[PDB]
Amino acid sequence: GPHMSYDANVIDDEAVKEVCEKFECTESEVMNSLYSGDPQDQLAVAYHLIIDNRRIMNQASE
């Protein structure tokens, strides 16, 4: 059979860890909506917003 299109090599494990504490959930729940659910789910929306925070808000203020 063919190779899979996604893997932990194409996720931000620091973002997943930040979603776990900020959203109050487990890594497997964060990874599920990114791997087998859809990006519009609240756990994947948290991952997107936390990657925006980690890049921008982390530098824009202190």
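Residues numbered from 1 in each chain as written, not as in the entry; some residues may be left out. Heavy atoms only, no water.

- Structure determination for this entry, per the PDB record, employed solution NMR.

**Considering the overall build of the protein chain**
Okay, step 1: A tally of regular secondary structure across the protein chain gives three helices and zero strands.
Okay, step 2: Reading the protein chain from its N terminus to its C terminus gives the helix and strand order α-α-α.
Okay, step 3: For the protein chain, the spread of C-alpha atoms along the principal axes amounts to about 50 × 20 × 20 Å.
Okay, step 4: The 62 residues of the protein chain split such that 21% are buried.
Okay, step 5: If you take every contact in the protein chain between residues at least 6 apart in sequence, the share linking residues at least 24 apart comes to 42%.
Okay, step 6: For the protein chain, the exposed surface amounts to about 5,200 Å²; the carbon and sulfur share of it is 47%.
Okay, step 7: Taking the average location of the 4 positive side-chain charges in the protein chain and that of its 13 negative ones, the two points are 5 Å from each other. (Helix = DSSP H or I, 4+ residues; strand = E, 2+ residues; numbered from the N terminus. Buried < 20%, exposed > 50% of the residue type's maximum accessible area, 1.4 Å probe, protein only. Contact = heavy atoms within 4.5 Å. Areas by Shrake-Rupley, 256 points an atom, 1.4 Å probe, with all protein chains shown as cover. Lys, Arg positive; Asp, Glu negative; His and termini not counted. Charge placed at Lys NZ, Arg CZ, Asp CG, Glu CD.)

**Here we look at the pattern of salt bridges**
Okay, step 1: Under the criterion given, the structure shown has three salt bridges.
Okay, step 2: A salt bridge links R54 to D12; the nearest nitrogen and oxygen atoms lie 2.8 Å apart. Of this pair, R54 sits in helix 3 (residues 42–60) while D12 sits in the segment before helix 1 (13–24), placing them 42 residues apart in sequence.
Okay, step 3: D12 sits in the partly exposed class, given a relative accessible area of 31%.
Okay, step 4: We note a salt bridge from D52 to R55, for which the minimum N-O separation is 3.9 Å. You can see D52 and its partner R55 sitting in helix 3, three residues apart, about one turn around the helix. (Salt bridge = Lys/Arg side-chain N within 4 Å of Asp/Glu carboxyl O.)

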